[PDB]
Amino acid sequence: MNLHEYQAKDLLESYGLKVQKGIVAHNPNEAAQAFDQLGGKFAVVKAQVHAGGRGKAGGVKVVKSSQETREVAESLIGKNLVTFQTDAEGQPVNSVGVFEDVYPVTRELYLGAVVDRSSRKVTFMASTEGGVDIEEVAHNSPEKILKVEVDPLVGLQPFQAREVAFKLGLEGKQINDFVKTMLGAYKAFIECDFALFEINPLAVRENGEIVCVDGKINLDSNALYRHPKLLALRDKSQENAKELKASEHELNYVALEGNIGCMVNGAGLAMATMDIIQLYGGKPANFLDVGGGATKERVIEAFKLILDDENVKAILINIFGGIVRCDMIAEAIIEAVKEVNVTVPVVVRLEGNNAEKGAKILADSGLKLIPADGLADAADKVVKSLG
């Protein structure tokens, strides 16, 4: 789960980090009022969407009056914002944040952390190169990315943050403020089950304060059962409508650009199926994992997800029945097809438990289902069904 900028800032502030503070406005009058509430010569209005690249797309404006703020909010709220990091539909702007001006500044840093899968440790990364995409820095000048691996027993220690502060060339109170920033981020990371966070830029203001200007936090969604206050931050408007809908029916769905839909049990096998389709000249239109014990109802919802894409011209159902009998699965597929408008050829590969009794039921259902023997057969046939 991603957080909005204002939510990430509120969370980090609660662990003692300093942030560029703002006020959230859901309409232009509220935005104008925020500007006057902040009481500064300048404010920065920012579309609240789960995406970077907001400024390039027109979603970040400096303003000097309530009037300018209302104008900017009116321009943004209720339209979708497309950025280099969104899909082509963009993200809905239901609110803007009106933020205090914290510039000019002395310098900008990068600070972030991930769970590193190779070391199996929470790992912090810091750089003098704030306000640069850190991927570019990593690729071009890896030596500028400082890394701190945290030991799970002891956690992040002040000496590790000081090592970083000295290598960043911080001075004076900047060192102790940076140390407190890193320690607070670590506490948040564990206490909130972060998956990752980035603060970029982490500004060193003219008075030496260390301030989070823009920040992203991705939470481990699988831990949100134990964080009710974080689950309450969820903004479903920022999630893909089909991905979200699939989740509500115990399905896992991702859209691609292609013309052959797929319906598979198990994530490994779903990705393998997409891959063999492409090997045989097809273009997979989607990932879809129907899970174990796919019912009629669940297969109906899978059909609707796939065929909602006009570009889909054939479907491959590939199910490896182990504990569930293949003839029972064939029954559920047939019942599902009978309730849905299925306008394209459907190739069905059913393997494992009673593959034979299942294949026959499909063959005699009178729905023009194209039965396939192995994985290679199934790919070959679904691509061929395109003509």
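Start at 1 and count along the sequence shown; that's the residue number.
For the segment pair 224 to 232 and 186 to 194, the entry gives 224 to 232 the higher mean B-factor, averaged over Cα atoms.
In this crystal structure, the stretch out of 92 to 100 and 278 to 286 whose C-alpha atoms carry the higher mean B factor is 278 to 286.
Comparing the listed residues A43, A51, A47, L350, the entry records the largest Cα B-factor for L350. When the CA B factors of the chain's modelled residues are split into thirds, the value for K144 lands in the middle one.
The PDB entry assigns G215 a C-alpha temperature factor belonging to the middle third of its chain's modelled residues.
Sort the chain's modelled residues by C-alpha temperature factor and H249 lands in the highest third, per the entry. Among the modelled residues of the chain, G292 sits in the highest third by CA temperature factor in this PDB entry. Annotation for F84: C-alpha temperature factor in the highest third relative to the rest of the modelled chain, per the entry.
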